[PDB]
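Those protein sequences? They're chains D, D', B, C, C', A and A', same order as listed. A prime marks a further copy of an entry chain.
According to the deposited numbering, the residues represented by the first sequence are 1 to 15, 24 to 69, in order.
According to the deposited numbering, the residues represented by the second sequence are 1 to 15, 24 to 69, in order.
Going by the deposited numbering, the first residue of the third sequence is number 61, and it counts up by one from there.
Going by the deposited numbering, the first residue of the fourth sequence is number 9, and it counts up by one from there.
Going by the deposited numbering, the first residue of the fifth sequence is number 9, and it counts up by one from there.
Going by the deposited numbering, the first residue of the sixth sequence is number 11, and it counts up by one from there.
Going by the deposited numbering, the first residue of the seventh sequence is number 11, and it counts up by one from there.
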Amino acid sequence: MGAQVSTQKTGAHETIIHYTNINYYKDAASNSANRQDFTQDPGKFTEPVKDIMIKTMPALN
Amino acid sequence: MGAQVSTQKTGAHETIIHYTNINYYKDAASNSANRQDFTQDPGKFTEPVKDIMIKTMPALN
Amino acid sequence: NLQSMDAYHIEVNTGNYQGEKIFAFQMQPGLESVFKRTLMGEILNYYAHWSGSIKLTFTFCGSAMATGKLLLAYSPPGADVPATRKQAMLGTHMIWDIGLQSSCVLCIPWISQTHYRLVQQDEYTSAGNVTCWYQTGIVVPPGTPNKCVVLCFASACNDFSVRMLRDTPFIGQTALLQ
Amino acid sequence: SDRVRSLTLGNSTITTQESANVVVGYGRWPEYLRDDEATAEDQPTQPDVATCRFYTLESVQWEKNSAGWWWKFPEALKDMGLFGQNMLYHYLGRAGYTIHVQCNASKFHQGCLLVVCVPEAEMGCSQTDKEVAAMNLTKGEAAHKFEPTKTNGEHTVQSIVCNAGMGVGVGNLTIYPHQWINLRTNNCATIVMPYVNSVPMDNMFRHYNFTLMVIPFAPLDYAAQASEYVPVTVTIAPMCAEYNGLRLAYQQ
Amino acid sequence: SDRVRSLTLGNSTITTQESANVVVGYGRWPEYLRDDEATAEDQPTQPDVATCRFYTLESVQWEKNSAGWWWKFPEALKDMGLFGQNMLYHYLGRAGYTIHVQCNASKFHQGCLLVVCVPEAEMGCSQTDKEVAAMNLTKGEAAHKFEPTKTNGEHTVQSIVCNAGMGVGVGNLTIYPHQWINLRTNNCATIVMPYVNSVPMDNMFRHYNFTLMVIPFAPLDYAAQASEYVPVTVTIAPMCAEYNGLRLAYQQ
Amino acid sequence: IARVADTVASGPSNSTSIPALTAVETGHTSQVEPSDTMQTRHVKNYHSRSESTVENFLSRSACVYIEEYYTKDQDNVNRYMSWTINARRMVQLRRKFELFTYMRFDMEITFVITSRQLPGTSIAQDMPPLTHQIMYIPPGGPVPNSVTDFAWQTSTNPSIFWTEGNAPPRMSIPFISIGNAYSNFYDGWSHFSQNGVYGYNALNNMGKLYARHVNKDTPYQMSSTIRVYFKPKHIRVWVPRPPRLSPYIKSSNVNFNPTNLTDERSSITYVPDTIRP
Amino acid sequence: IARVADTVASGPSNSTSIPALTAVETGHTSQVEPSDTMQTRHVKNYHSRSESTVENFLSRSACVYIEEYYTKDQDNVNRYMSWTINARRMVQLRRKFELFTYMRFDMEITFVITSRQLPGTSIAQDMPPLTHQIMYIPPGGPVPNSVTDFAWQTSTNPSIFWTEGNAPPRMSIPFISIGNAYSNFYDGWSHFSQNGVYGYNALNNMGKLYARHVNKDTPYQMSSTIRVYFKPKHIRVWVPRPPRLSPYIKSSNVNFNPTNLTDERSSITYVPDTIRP
Ligand SMILES: CCCCCCCCCCCC(=O)O
Ligand SMILES: CCCCCCCCCCCC(=O)O
């Protein structure tokens with residue numbers, strides 16, 4: 001089938025950890041949640057300044 | 001098996025979106041609806057004229 | 061006229077009628093009583109969402125001797141309905157000149173904020189109004205009618221589309237038929 | 009068939025099934041001001057579709073005794089949508105304009121109008137000893153009309169047609185961009201006027217770039233029971249509208 | 009020196025010798041609507057320099073007991089030059105805006121303001137059992153002010169500062185595009201807001217895209233003989249202004 | 011795939027091109043678009059007519075019938091159901107099917123059977139789960155005259171046995187019509203002498219459907235209500251037509267009462283003022 | 011993958027580097043870390059922000075509504091449910107959604123329907139399993155006015171038929187909003203004259219949801235309680251905002267009562283002594 005093997009979340013016996029998935033429905037809205045999308049970009053809220061500010065330097069000068 | 005992978009309808013997280029299907033019954037009447045047949049030809053009802061009419065021109069002349 | 065062919069008749073007369081509004085209505089393809097029952101609107105009532113432009117074709121049914129120019133305007137939501145020709149003329153309009161070509165199309169462009177609109181249009185998803193006026197007037201020779209009929213046609217464009225499947229509110233019953 | 013024509017500017021469209029070609033100013037077509045001809049250093053504003061669209065003015069009635077009418081632009085469009093708003097807020101302006109005069113009758117009516125665009129149509133006063141008042145030269149979209157006889161007004165314009173209120177012969181106005189509306193063949197008249205002036209730009213309230221005159225040379229006539237109401241509507245659309253010198257709106 | 013900065017939009021220019029960088033919305037800079045995101049089929053109008061310029065609103069006085077102020081846009085600019093004219097004549101609008109709040113004092117004065125831009129700043133009513141009136145939400149370039157105590161008005165906004173009239177904590181407003189005006193280091197605050205909405209465009213009279221709030225966290229203070237008049241002026245300039253749906257002006 | 015047409019960017023115009031002018035007399039529907047009568051901007055329209063498909067439109071279970079049958083043999087209550095299959099007794103689905111003259115498709119039939127115990131003073135029971143039997147009888151097959159008729163042997167007729175509590179019974183059926191397509195409208199007669207039956211009933215004959223309780227008897231009177239649902243799939247439709255305007259009166263013909271073309275209003279120029287600051 | 015930043019080993023310092031000094035006036039949040047203001051040791055941090063994802067945060071079924079409807083037609087008890095869909099009547103889920111201004115996502119809807127028999131002196135029954143029907147009616151569709159209205163024919167409106175005992179009914183729905191994203195806050199009006207409805211209700215319109223018992227009638231009065239659950243998936247959120255501080259009063263607006271910024275305490279220097287040997 002259109003099987004798609006992904007990686008499972010670390011277990012309590014770490015340091024065959026993968027699962028299989030197949031969509032049965034025609035609408036993408038039927039698929040399960042995307043609990044594995046780990047994107048980040050705090051810059052939008054933490055550093056929305058026009059002029060890049062270097063940590064080790066004075067904010068104003 | 002006789003699996004057949006198709007494309008799913010766009011989801012609310014666009015811009024692995026495919027599903028698998030296998031028929032289990034011997035009669036085609038048992039299969040699911042054909043919700044993905046997008047054919048069109050309005051000409052039958054909107055332009056059933058014998059002489060092609062060019063938009064940018066006079067209907068009669 | 062709810063049960064006569066006069067319901068489709070849009071009279072136009074000879075003589076001074078400047079400042080007079082020939083007709084007007086809202087742009088609710090599925091809610092407006094004017095479109096509510098047309099092939100177009102009749103289908104929209106099986107859906108809750110709609111989008112696209114509309115083609116309002118007007119046909120002059122007067123005599124071959126009658127002449128005239130009408131101003132077909134369309135005003136997007138936001139201001140009051142055009143009370144004068146000047147106000148209507150400020151919006152998307154089409155000056156139709158009656159002649160050999162009987163029909164004239166007034167394509168109402170899809171100028172909405174959102175991509176779709178509800179067939180059960182509310183003030184939020186307002187579409188605007190359409191008002192018709194006399195650009196000049198209807199001049200006619202002697203021995204010729206002074207009142208003429210102007211039919212109106214409505215249909216969707218190649219950019220039209222419905223979206224939310226629902227049941228039409230134009231059919232029901234109180235018990236199984238027999 | 010060159011009889012039928014269609015005009016599209018902005019959100020406006022005009023239709024015709026009985027036109028007679030299209031006169032294009034002095035062979036030129038409206039165009040924006042070039043850098044090698046500009047003077048105003050500030051970057052101009054170009055509303056485009058916002059101001060460059062068809063504006064219909066108050067219709068006029070053509071009667072068996074009508075002597076003529078005249079409008080002055082861009083003044084006449086001071087209260088027309090955004091085109092008029094830019095005139096108020098800006099010191100300098102520049103536009104093209106597409107004049108489209110409509111007037112239909114029937115194969116049983118007769119008459120002939122003369123649609124002309126007269127650049128710098130400086131007019132004279134009724135009383136040669138006095139001066140004229142702006143109020144008598146142009147009054148918004150309201151048209152001033154020519155009279156078949158001499159006028160007497162204090163500061164009125166010498167409306168006597170034969171002299172077109174300019175001290176010249178009406179039969180020679182054909183030297184300006186024009187067209188006729190011979191009811192037996194016509195139905196309207198279109199003229200595309202290019203920006204004509206001795207300066208790249210100019211104020212639009214203080215200066216009346218050109219005057220549109222509609223003078224009938226063939227009196228409107230018809231038989232009994234024939235529609236007696238024959239209106240003449242004027243529609244004009246600015247082209248390549250540019251504006252400079254933005255400031256507080258001018259109080260009319 | 010990054011202290012000094014200059015802003016130029018249209019025929020307007022702002023100067024500063026004591027700024028603190030420039031906050032750019034949510035990392036985005038104002039941009040015109042793309043074809044793959046547009047809905048309105050009609051060609052939009054872009055006055056550019058005509059509407060995209062710095063508009064200064066009525067100044068406000070900062071007092072030792074001032075609790076704050078707030079403005080709602082684009083509504084607050086309904087009577088500002090041509091930007092307001094396009095709002096009247098058009099059904100749809102879209103703009104960027106460059107908020108620039110000015111407020112100078114001296115090395116002997118003290119205080120700290122919080123200049124913030126709150127998208128969809130839906131506010132509550134004084135009387136939780138009733139509703140609010142547009143007149144109490146935004147009144148042109150006239151600023152509404154927050155109160156250090158609870159309000160009682162029938163259809164008034166709960167001006168009590170601590171809740172910012174939104175039922176939240178004022179100390180958390182820092183999650184919105186903002187800057188502070190700490191008199192001992194600042195002199196002004198600039199914020200470039202990009203078009204933020206769940207729709208490509210929207211009406212500019214019916215919808216208040218964002219609210220500008222200036223709330224002081226450090227009370228204005230000073231000694232005797234020290235200028236007691238400390239005004240706070242707000243200047244804003246639209247960016248990438250687009251308009252659709254041209255029709256008869258809306259009667260306010 | 012089923013995407014909608016995009017709008018080409020259009021600019022000023024002044025030619026002999028007359029896309030706005032036409033003549034409906036030809037029976038031709040104008041193919042004009044906004045860009046033809048005004049200045050438009052380019053717009054990449056991603057909208058899709060995927061839900062306007064005749065398949066997605068008609069492929070949805072809709073109730074077509076409903077009858078009640080009792081368990082005990084008291085009074086003149088029917089202990090079994092009988093039904094001459096057709097979709098003309100439920101205005102909703104009937105109106106959709108009638109948007110087209112001819113139809114061809116397979117169909118998914120679902121049954122929603124529910125029971126109850128009729129009111130009473132002393133009705134303390136303990137009845138086991140009720141099992142039902144739905145039997146389809148194609149035209150000509152023997153019809154049962156009782157809840158114990160030999161016909162319920164279902165020797166060759168398709169039949170379903172369902173017990174309450176479980177998911178509603180379902181099963182698909184092909185294209186039964188003896189014609190090349192189902193007919194929603196038949197402007198003809200059953201007899202060559204132009205008389206007898208007129209319309210639908212003149213040719214359509216999908217047979218009958220019977221139901222009953224397989225349980226012998228209940229201490230106290232109980233009744234069950236079966237609801238039949240139709241869901242056409244693998245659809246094909248021909249010759250579209252004006253939607254039903256007048257309310258449905260009979261389920262055997264198209265009789266109707268002169269109905270209004272639409273709702274009324276003040277005047278042709280009436281438009282409600284919704285802007286009042 | 012979604013791992014956290016490690017701490018670089020830092021040693022003594024004595025330079026013109028001022029990572030600790032800054033100016034909040036810029037609206038810039040300091041990006042300092044322990045290693046910048048002290049001597050730190052290297053630490054391979056394996057922690058992950060996998061559960062802080064907007065997906066994992068909002069993707070959890072939360073109750074959004076609850077109503078009760080009876081079986082028998084006695085007194086003025088509603089025999090069916092009606093509901094103008096929205097998530098503003100349950101503070102819990104409503105507060106989360108309101109952490110962001112705009113949202114976009116598909117959704118999994120689950121229904122928990124439970125029944126009961128109202129108290130009485132003589133209520134001995136034997137009612138078969140109760141079957142329910144939940145029908146979604148998008149804006150404009152015909153609304154039923156009784157438990158026997160024709161609207162329940164579900165000709166094209168999505169509907170579910172569930173019998174007690176089985177797993178709670180469920181079904182997914184895409185992104186309905188006519189806009190490019192759901193709006194939790196709308197600082198505008200419904201009318202251009204700046205009046206009428208203000209806020210959420212001014213534009214949101216997800217339609218209505220109706221429920222009922224498909225069973226004809228019960229000997230003695232019984233009632234059922236339906237609980238609707240929402241679980242957004244394939245989530246997208248924009249413009250974060252200050253969490254709700256004041257309690258929710260109305261479900262149509264953001265009205266509130268002046269609430270305290272936080273709990274109180276003795277003094278700014280108050281810290282409980284927890285070390286008392
Ligand atoms: C086993 C049950 C068989 C039921 C047959 C139903 C056939 C439906 C045909 C509908 C015809 C029409 O709608 O024109
Ligand atoms: C078939 C049932 C349909 C229910 C539609 C629910 C839509 C929920 C939308 C929530 C909008 C919001 O929270 O801002």
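Yeah, the Cβ is synthetic: ideal placement off N, Cα and C, and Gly gets one too.
Closer than 8 angstroms by beta-carbon distance: list the chain A' residues that pair up with residue i, in chain order.
i: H175/B; result: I188, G189, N190
Run down chain D in chain order and give the residues with a C-beta less than 8 angstroms from the C-beta of residue i.
i: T28/D'; result: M1, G2, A3, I30, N31, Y32
Which residues of chain D have a Cβ atom closer than 7 angstroms to the Cβ of residue i, listed in chain order?
i: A36/D'; result: Those do not exist, as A36/D' stays about 18 angstroms from chain D at its closest Cβ, beyond 7 angstroms.
Using a cut-off of 8 angstroms between C-beta atoms, extract the partners of residue i located in chain D'.
i: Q88/B; result: Those do not exist, as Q88/B stays about 23 angstroms from chain D' at its closest Cβ, beyond 8 angstroms.
Under 9 angstroms between beta-carbons, which chain D' residues line up against residue i? List them in chain order, please.
i: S27/A; result: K63, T64, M65
i: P184/A'; result: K9, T10, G11, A12
Going by Cα to Cα distance, which pick from the options is closest to residue i?
i: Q233/C; options: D87/C, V140/C, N252/C, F116/C; result: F116/C
i: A231/C'; options: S114/C', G89/C', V178/C'; result: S114/C'
i: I22/C; options: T152/B, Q147/B, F213/B, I231/B; result: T152/B
i: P154/A; options: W93/A, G209/A, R51/A; result: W93/A
i: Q110/C; options: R11/C, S27/C, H152/C; result: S27/C
i: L100/C; options: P227/C, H215/C, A245/C; result: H215/C
i: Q69/C; options: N112/C, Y40/C, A103/C; result: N112/C
i: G217/A; options: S71/A, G151/A, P184/A; result: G151/A
Determine the extent of the alpha helix (DSSP H) in which residue i is found, giving its start and end residues.
i: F67/A; result: 64-68
i: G101/B; result: 99-104
i: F91/C'; result: 89-97
Residues in the same chain with beta-carbon distance under 6 angstroms from residue i, minus the five sequence neighbours each way, listed in chain order, please.
i: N61/B; result: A67
i: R237/A'; result: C73, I76, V122
i: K63/D; result: none
Which residues in chain C' have a C-beta closer than 8 angstroms to the C-beta of residue i? List them in chain order.
i: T17/A; result: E49
Just to make sure I have the definition right: I need the residues of chain C whose C-beta is within less than 7 angstroms of the C-beta of residue i. Which are they?
i: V199/B; result: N112, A113, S114, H117, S235, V238
Find the residues of chain A that neighbour residue i, judging by a C-beta separation of less than 9 angstroms, and give them in chain order.
i: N189/B; result: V281
Take residue i and list the residues in its own chain whose beta-carbon comes closer than 7 angstroms to its own, dropping the five residues that flank it on each side.
i: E139/C'; result: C133, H163
i: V14/A'; result: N55, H57, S58, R59
i: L160/B; result: none
i: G76/C; result: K153, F154, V169, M221, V222, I223, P224
Chain A partners of residue i, CB-CB under 8 angstroms?
i: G175/A'; result: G175
Can you name, in chain order, every residue of its own chain whose Cβ lies under 8 angstroms from the Cβ of residue i, other than the five neighbours on each side?
i: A48/C'; result: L100, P208, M209, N252, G253
i: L271/A; result: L255
Open item on the list: Counting beta carbon pairs with one atom in the region 174-192 of chain B and one in the region 51-62 of chain C, are three or more of them shorter than 8 angstroms?
Closed with: no
For this session: Determine, using beta-carbon pairs with one atom in the region 131-146 of chain A' and one in the region 221-241 of chain A', whether at least three such pairs fall under 8 angstroms.
Result: Taking a cut-off of 8 angstroms on C-beta distances, the region 131-146 of chain A' touches the region 221-241 of chain A', as three or more cross pairs fall below it.
> When the Cβ atoms of the region 129-144 of chain B are set against those of the region 168-181 of chain C', are three or more pairs found closer than 8 angstroms?
Replying inline: no
Please confirm if the region 156-165 of chain A' is in contact with the region 176-188 of chain A', defined as three or more CB-CB distances below 8 angstroms between the two stretches. no
Exercise for the section: Mind the definition here: the region 192-203 of chain C' touches the region 20-40 of chain C' only if three or more C-beta pairs lie below 8 angstroms; say whether that holds. Expected result: Of all C-beta pairs linking the region 192-203 of chain C' to the region 20-40 of chain C', three or more are shorter than 8 angstroms, placing the two stretches in contact.
Inter-stretch contact at 8 angstroms, needing at least 3 Cβ pairs: the region 99-118 of chain B / the region 206-216 of chain B: yes
Can you find at least 3 beta carbon pairs, one from the region 181-191 of chain C and one from the region 83-100 of chain C, that sit closer than 8 angstroms? no
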